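Residue numbers (the deposited numbering), protein chains in the order written: chain H, 1 to 107; chain G, 1 to 107; chain I, 1 to 107; chain D, 1 to 121; chain E, 1 to 121; chain F, 1 to 121; chain C, 19 to 85, 103 to 466; chain A, 19 to 85, 103 to 466; chain B, 19 to 85, 103 to 466.
The beta carbon of each residue, even a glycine, is placed where N, CA and C say it ideally should be.
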Amino acid sequence: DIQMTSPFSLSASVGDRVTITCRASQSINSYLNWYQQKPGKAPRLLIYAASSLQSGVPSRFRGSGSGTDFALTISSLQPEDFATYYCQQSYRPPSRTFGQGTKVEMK
Amino acid sequence: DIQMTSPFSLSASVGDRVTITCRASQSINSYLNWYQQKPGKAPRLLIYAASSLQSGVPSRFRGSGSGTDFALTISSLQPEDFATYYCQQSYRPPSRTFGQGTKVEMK
Amino acid sequence: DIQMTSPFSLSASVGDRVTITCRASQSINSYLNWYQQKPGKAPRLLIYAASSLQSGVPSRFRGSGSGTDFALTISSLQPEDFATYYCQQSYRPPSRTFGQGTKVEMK
Amino acid sequence: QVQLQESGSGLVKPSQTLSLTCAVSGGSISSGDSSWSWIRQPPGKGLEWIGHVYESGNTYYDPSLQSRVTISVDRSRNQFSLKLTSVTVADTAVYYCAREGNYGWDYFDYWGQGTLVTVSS
Amino acid sequence: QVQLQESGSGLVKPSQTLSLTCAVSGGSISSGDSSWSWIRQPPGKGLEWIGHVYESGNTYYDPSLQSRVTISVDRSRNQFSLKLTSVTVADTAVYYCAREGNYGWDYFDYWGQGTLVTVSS
Amino acid sequence: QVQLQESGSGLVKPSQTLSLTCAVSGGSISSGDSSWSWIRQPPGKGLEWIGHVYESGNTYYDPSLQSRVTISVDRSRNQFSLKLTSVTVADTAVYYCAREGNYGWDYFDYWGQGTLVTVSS
Amino acid sequence: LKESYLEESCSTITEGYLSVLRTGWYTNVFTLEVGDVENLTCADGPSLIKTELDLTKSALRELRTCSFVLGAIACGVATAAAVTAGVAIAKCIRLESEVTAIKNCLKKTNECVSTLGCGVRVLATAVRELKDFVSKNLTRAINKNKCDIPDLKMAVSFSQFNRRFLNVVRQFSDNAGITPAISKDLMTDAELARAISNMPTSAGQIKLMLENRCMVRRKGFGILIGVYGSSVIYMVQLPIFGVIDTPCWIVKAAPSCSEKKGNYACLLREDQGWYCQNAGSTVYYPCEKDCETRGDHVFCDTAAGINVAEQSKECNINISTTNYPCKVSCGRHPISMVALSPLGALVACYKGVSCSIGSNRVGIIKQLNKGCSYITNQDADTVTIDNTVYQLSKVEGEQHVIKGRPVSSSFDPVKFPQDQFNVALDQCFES
Amino acid sequence: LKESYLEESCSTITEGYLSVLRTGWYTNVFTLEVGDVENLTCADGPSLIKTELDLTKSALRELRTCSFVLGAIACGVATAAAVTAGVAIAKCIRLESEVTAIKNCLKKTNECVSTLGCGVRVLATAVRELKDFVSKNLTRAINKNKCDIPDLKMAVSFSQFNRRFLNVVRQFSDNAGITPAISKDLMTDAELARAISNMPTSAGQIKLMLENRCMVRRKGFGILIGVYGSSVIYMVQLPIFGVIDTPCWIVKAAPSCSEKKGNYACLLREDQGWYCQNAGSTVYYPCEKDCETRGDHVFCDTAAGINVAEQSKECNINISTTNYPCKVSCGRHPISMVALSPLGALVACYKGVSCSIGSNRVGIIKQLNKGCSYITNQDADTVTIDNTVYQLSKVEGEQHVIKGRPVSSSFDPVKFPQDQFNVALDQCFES
Amino acid sequence: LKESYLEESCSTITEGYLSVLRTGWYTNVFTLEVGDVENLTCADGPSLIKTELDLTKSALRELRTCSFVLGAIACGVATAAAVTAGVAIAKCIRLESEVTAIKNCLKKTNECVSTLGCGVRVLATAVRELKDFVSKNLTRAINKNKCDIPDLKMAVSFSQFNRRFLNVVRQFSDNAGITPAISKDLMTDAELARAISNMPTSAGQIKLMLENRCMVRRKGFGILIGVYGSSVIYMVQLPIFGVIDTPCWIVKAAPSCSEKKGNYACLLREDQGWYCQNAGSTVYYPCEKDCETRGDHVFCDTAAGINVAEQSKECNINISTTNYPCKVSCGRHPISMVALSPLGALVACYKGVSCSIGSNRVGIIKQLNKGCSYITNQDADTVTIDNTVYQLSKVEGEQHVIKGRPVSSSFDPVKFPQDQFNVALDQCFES
Ligand SMILES: *[C@@H]1O[C@H](CO)[C@@H](O)[C@H](O)[C@H]1NC(C)=O
Ligand SMILES: *[C@@H]1O[C@H](CO)[C@@H](O)[C@H](O)[C@H]1NC(C)=O
Ligand SMILES: *[C@@H]1O[C@H](CO)[C@@H](O)[C@H](O)[C@H]1NC(C)=O
Ligand SMILES: *[C@@H]1O[C@H](CO)[C@@H](O)[C@H](O)[C@H]1NC(C)=O
Ligand SMILES: *[C@@H]1O[C@H](CO)[C@@H](O)[C@H](O)[C@H]1NC(C)=O
């Protein structure tokens, strides 16, 4: 129903600075979620509230920023860290729309 | 024991502005009472505290004023509103003296 | 363990101003005590806290002073008021040392 | 709901003692409003308050009439009475029993019909 | 510890009604986390949330899909099911059951394998 | 009402161990005042405090004498005793038992007669 | 009963109560003589009499092995005074000489008035039924040492006779030698009547107590002195109602909130509870465990009462413009509640709550408005505040209304601090 | 059960409970018929039957001689509502006409549904076993006037039959005509089952009550109407659980202190206790005597509940940056304590206290750090805070953590006044 | 006992008490075996044995259908800890495997020490008297199915034997499976003695508990596990008094008011209650339901105690010039009251109250002055404050006085806010 603009895909080498951005039309405050999905697998919850780190997740996945700028960063890329990363909005249900999806592949 | 000056009687037509005044020698604050007595009948309590309206009394009987001026007013005179209207003081018992009485008759 | 300097003995007549001084090395605040001992008798508690008067003691024994000056005074000397007067410190137990003793005799 | 009805002897001989009584129907004295009060209206002047009693027994009386009034209350029979001594010619009037309007501490809200004793000769 | 496993009919005829179910092993629904939620992923677009139910019975549904979804939960058997009516060609996708991460009020932390119905002819 | 009376052996041989005891009449130790304290007065200097015990069992001892003193209290017999080891020539004096004046935490209000051991040859 | 709804503070004062105050404690001493039970034994296996003997002996031996928030302040002081008086009299009685004197006094009669050495006079009662039974019937029934006698009547009579003793032991052991209330085993109805008639007070108080003796029992309690030989000696500390038929009243309140600019400003009178008058002395009874009503009479304890100034009655008339520091709680968060009154009910409900009154005949009568509202019992039977049904009282009495702009609405509240738990009304409004 | 440790305020919210709320009172009327006992006498000295007759007669005659701190507010209102409803229905029944109508209704059966003149419908039960015994067996057994009959079976049967009556008299006299709870003599299990099945509610509630009838008994109570002729008439005010299986949760907190420059600044959430949801209405049950848990279901009383705003649930998420005035206590003196939670335990200990956790296997596991700390039940069995051993619960459920800088540490507290007993969180921090 | 009247704050500290603190819970498991009672029936009309059988069966089946205000904080934590520990151990025992292991352990003896799978060691007792009776006497007495046997001895023995079981069922059903205290039916005196001797503590504590076992019983409680087959399994959570003979003291206070210019300025110490010392740790026991005195020993619970700093003892000496934030309430309205102390009594009475002391010998001794006043027990017996008679205690001990200008009189109080409920003494005076 709502369209957001983000890169279709991105490529880099192991240990590179991986950054993702998820845009919203209305408002998110802090009810933003992050999911990682490998091909043929269900998404994985990594960050809830856009700043809280789910238990059992590597410290590389982190999210900072204040004011109007928000983004997800992956500092230490790993071989098992190549997949599509969606985003979700839980502001004002039952409007909960995932992102189109961002895919990261090796060069 | 204490003498107060007030009109002996007053006359007017139905719907006239009827005003009464009850004077005191010492002090009344808000412990003033109003009674209406028809010939050969007991007095009727209409106003207690000089500003509170007893339940079941027509709204015409009303009393306003601040500072040093106080008086009872009857805006909408009625055929059954011709009688003698005393006043009472409940400041400092057992000194409780009624007024000499004010009588209203049609012209 | 700690040495303090005070007069060895003092003499005067009945009704004289008798003053005593008890020095301390560390600190006393208000945990100072006064005892009177006659020859061949146990000491007697007269003042506790250096300012509180023990019940049943003549009013002559008194102690005043503020800041850095403290001293015991005997205004109205009495025939039964000739004896040695020690002092005690209850600041920081188990260090509780009596004074060397001050003796008052008639001239 | 509440009706105060005076009672007593309609014929009182001169020089005797003044006795009066009141009653309450559709309500209780013992826990009524309180201040079961009394009143008289001498011909010539206006209305005059004598004294009152409380549901417990406190009894206030007029400063210039308390030397003779003994106002009593009876929580069982639900009637508060009056007793006035040393009656004179100036004590011939209409006497009323009433109930008080405990606003601040006292006001009148209920009155009786009025018991009058007539002297004819 | 907790494993959501979708179940249902793998063969669903066209024009019929959409039925789905989920289960929880190593845990309870009745007092699980709550918000036993549902998801579908249509080919072409991304993921879409339909609705959820609570451990007690509160049932929230998508504004632009709540006219047909009746999501129920069963605290006894420990399974929350789905019922989607008026299936179309655009409703052919992978549907997921999941569990919510009650941080503020809702987030997804557990997902199922995914039950897919294949149409071949 | 309260009388502290020292007791022990009046004849103590040189080089032996120092033993002392005190008692309370007209009162109790177990809940007396507390701080059943001890004192000695060496010839030459003045008075010196060794240590004390409490009605429960807390035992404070002089920093420069606590290496040898073991002051005990007995709430049953109502007597607190003393035990001093390594006696020397400088330990010949008059030893006193006393009771404390719990104003702030401690002051002396009661003293004993004084038990003296005399050495003659 | 006269109830006046004072609309100035959303409070109602209900007067017309006749005081019954406890002024002192009357001590009664019991010697529950058990008899020479410990010297007897059973030596022919199990039996009804054996079981009852074992129960009695265990009871005896285990008995040998035993022994400004004005509401909080007042109840604590009351319990302290009661326990202190009981323990002091028990100490005076625990002397061997005093116990011997009591026994000698009671030796030839079943009730005697002994003056204790401590200067206090206490009644004494001898519960000798158990001892007489154990000595005249049980002892000669179990001779030799055989408790398996053919007579079941003896065993059942033993059970009945030792019922009281076993109950007393149960109560004392469970409560560690101090019961909270007088069971019917501590003191029977006849004994309570005798103790009431022997009380040092006047005829009117004695008659009222004769009528309300079970209230007396509720307010009393007992204490165990000890076990002397083979006799359980305990005492009962009865309450003396030395004042009767005096004025009293009760105050109730509900949050008087008022909205403005979307914010609220509430208040609640903290001086709620019972009051009574005693010869020019007004006494406040603020703690909630000592003042019980029975019809028109209100029973309270004078040890749990605080002597408040007379003037304090002016907060019921001109709380706003009185010089007495009237107590009120304060805040800014609305609370919707129903504060049931003796003859009516105060209904407060504000933004986000729906109110409505009704009766058993018709569910719904009308939809109440926003703000504080006095619902007369004669008007309706029940009131609802959101799926919560409150049923009004059916006591009969005249209800009044005292018109006046509420203080919460007529004054500008203190900006900071707004939430005050228990403060003078000056600090909150019109500071 | 899901427990989330909210590290922002050192509090834990445990959700997953199914409500059982009481919505109304169901009145049951009993007529404990005693029989013509006062007309009988014993004239051959002491006997078992004489003692039982004397006990019964004394019981009967003495029966004739009888009759904003939200927690405090709520429990007071609850007790007031219960007593008021009971007394009102008792007043409606105390009329002679009403009593005669009840007796006529029950004259030909043992249970009938009578509509009282006050408009309310109440069930009625007739406990006629004692009267039937006294009239058919006892009366013809004690003829002439001899109570020393050879049959001990009759005396024992009399004791058993009057057990219930004597127990009821004991309870009413001891409590002055109003018991605090329903003994098994007021209403037996079968009678309670019948009263539950007759309740005006739905099948689910009726079934849950059939399962938790002893909880129903715990929450109920009784009242004495009076003694009419030779029949004790009393009523039981049973609780109606009209709501079942609704969301509920509980909040617990411990002092969240934070040291800086040697001084501390503590806080403690004052909005602890139970909450429940009811069709868009959140109800707070703040007083500690009405909300009891049994496994997954939580039983509470709706009369003791305060209708709080919905928004109030936002203090469990963003207490710091929420617009709801969340309640918290405040101070500057550290308090070290262990606040046991349903599935874990909050451990606070600061300067001068040593903490440590362990288990039955190994005494000591580790030494906890300074500050607030969530100890999971699956992690350990016990925790110590200075010679004080606390044993954790062994309930099963997933524990969560909500990371966030604690408010106590992230805000500068108000300089004066610091000690506030119960205030909005705004006043204390970030004023 | 030494009492010091500290005239600085109108408070008295009474020291000389020997602590008895509870440090842990000792769990005892009972299997009240009932026997094969449900399989038996009566088919010859009413009978004593029929009534007792019906009572027992109903009991069994209904049993199957069952299961910073420091004072408030501390008592809540104490009750939470007790209930949590009891429920956790009950959960560990409720496993079928654990119950079978317990029964196997107790199969060949009447008492065995079993180590539960949860790692905790609990004693176990088998109350098999009822089962043995029901199996060997009752079952063979009621053969065929006739309960109207001629033997009344059997019926009376059945009543006695099932007394304990019926009492336990009564207690559990009334309290919903959790009793508040250990009745004599839960655990008898002998069983309590055995459980005390088996406790994991030292000889001194064991001996003190052997002497104060009824206090142990008062402080204990029980819990119902469930009904397995035809056996009621319940447990008793006894208190472990692991500390004895340690220092303790109690603090009492009364309003220290002082008049000037017609206005007053009162204060009241809020840090009243019991204290105790434990190896360099001072523990505050502020809630009023866990600290009971018995002569010189004071019994308290360590779970209800708050670990206060040592320094806190300096408020008893130099409350005014101490750096510890001493707690006091504050206000401007005088309160006249008598705060009874262990050996004396603090008397406060100001404008509008008359005070006087006396004794049983002479009514009136003297007229007390205005202000706070220490009345020694050795001086008088009673004191009056306006028709209110307080009787002093008769405990023996030396009373002291600590002269010093009262803080209320020597400092200028804070103008606003004056009424503070519970604050540091700094905020009120000399701000
Ligand atoms: C009987 O027992 C009592 C104690 O109850 C004891 O004093 C007495 O000496 C005993 N009598 C005999 C004869 O042994
Ligand atoms: C408040 O009312 C009382 C009623 O007795 C009156 O005496 C007093 O003067 C009133 N207060 C003021 C300030 O007028
Ligand atoms: C029996 O006693 C009752 C009161 O319990 C009384 O009404 C009745 O008249 C008595 N019967 C006879 C025959 O005296
Ligand atoms: C606090 O959290 C709630 C959660 O429902 C949210 O609606 C609200 O906006 C938050 N407060 C602020 C000030 O953002
Ligand atoms: C208060 O008294 C204590 C007693 O231990 C003392 O240590 C402390 O120094 C005193 N306070 C001040 C400020 O002197």
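Spell out whether any CB of chain F is found under 8 angstroms from the CB atom of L45(I). Yes, because at least one Cβ of chain F sits closer than 8 angstroms to the Cβ of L45(I).
Beta-carbon proximity check, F464(C) vs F451(C), cutoff 8 angstroms: Against a cut-off of 8 angstroms, the Cβ pair of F451(C) and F464(C) comes out as no contact.
Assuming contact is defined by CB atoms lying nearer than 8 angstroms, are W284(A) and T32(A) in contact in what I supplied? The answer is yes: Cβ separation under 8 angstroms.
Please confirm whether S90(H) has its beta-carbon closer than 8 angstroms to some beta-carbon of chain E. Taking 8 angstroms as the CB threshold, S90(H) lines the interface with chain E.
Tell me, please, whether the CB atom of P42(F) is closer than 8 angstroms to any CB atom in chain I? The C-beta of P42(F) comes no closer than 8 angstroms to any C-beta of chain I.
Run the proximity test for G104(E): is its beta-carbon closer than 7 angstroms to any non-hydrogen atom belonging to ligand 4? Closer than 7 angstroms to some heavy atom of ligand 4: that describes the Cβ of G104(E).
Those residues which DSSP pairs with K401(A) across a bridge: Answer by DSSP bridge pairing, in chain order: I392(A).
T19(G) by DSSP, collapsed to three states: which one? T19(G) falls in the strand class under three-state DSSP.
According to a CB-to-CB cut-off of less than 8 angstroms, which residues of the region 418-439 of chain B neighbour chain C? Legend: CB atoms of the region 418-439 of chain B lying less than 8 angstroms from CB atoms of chain C belong to residues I420, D421, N422, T423, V424, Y425, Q426, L427, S428, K429, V430.
Taking the beta carbon of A61(A) as the centre, do at least 16 other beta carbons fall within 10 Å, making it buried, or is it exposed? In summary, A61(A) is exposed, with fewer than 16 beta-carbon neighbours lying within 10 Å of its beta-carbon over all protein chains present.
By Cβ distance, which residues of its chain are closer than 6 angstroms to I124(C), with the 5 residues on each side in sequence left out? The answer, listed in chain order, is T45.
Closest by C-alpha distance to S149(B), when choosing among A383(B), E164(B), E133(B), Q240(B): Closest option to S149(B), Cα to Cα, is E133(B).
Residue closest to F82(I), alpha-carbon to alpha-carbon, out of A12(I), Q3(I), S6(I): Of the candidates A12(I), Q3(I), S6(I), the one whose C-alpha sits nearest the C-alpha of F82(I) is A12(I).
Answer yes or no: do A42(G) and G32(D) have a C-beta to C-beta separation smaller than 8 angstroms? Not closer than 8 angstroms, so no.
Alpha-carbon spacing of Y95(D) relative to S75(G), whole angstroms: C-alpha separation (whole angstroms): 32 angstroms.
For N358(C), verify whether its CB is less than 7 angstroms away from any heavy atom of ligand 2. The answer is yes for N358(C).
Taking the alpha-carbon positions, what's the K386(A) to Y320(A) distance? Using only the alpha carbons, I get a separation of about 35 angstroms.
Secondary structure of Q3(D), DSSP reduced to three states: Here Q3(D) sits in strand by DSSP.
Against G34(C), what residues of chain D qualify as contacts under a CB-to-CB distance less than 7 angstroms, listed in chain order? Within chain D, the residues near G34(C) are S31, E55.
Taking 7 angstroms as the cut-off, is the C-beta of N395(A) nearer than that to any heavy atom in ligand 5? Checking every heavy atom of ligand 5 against the Cβ of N395(A), none is found closer than 7 angstroms.
I'd like to confirm something about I354(B): is its beta-carbon nearer than 7 angstroms to some heavy atom of ligand 2, or not? The beta carbon of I354(B) sits no closer than 7 angstroms to any heavy atom of ligand 2.
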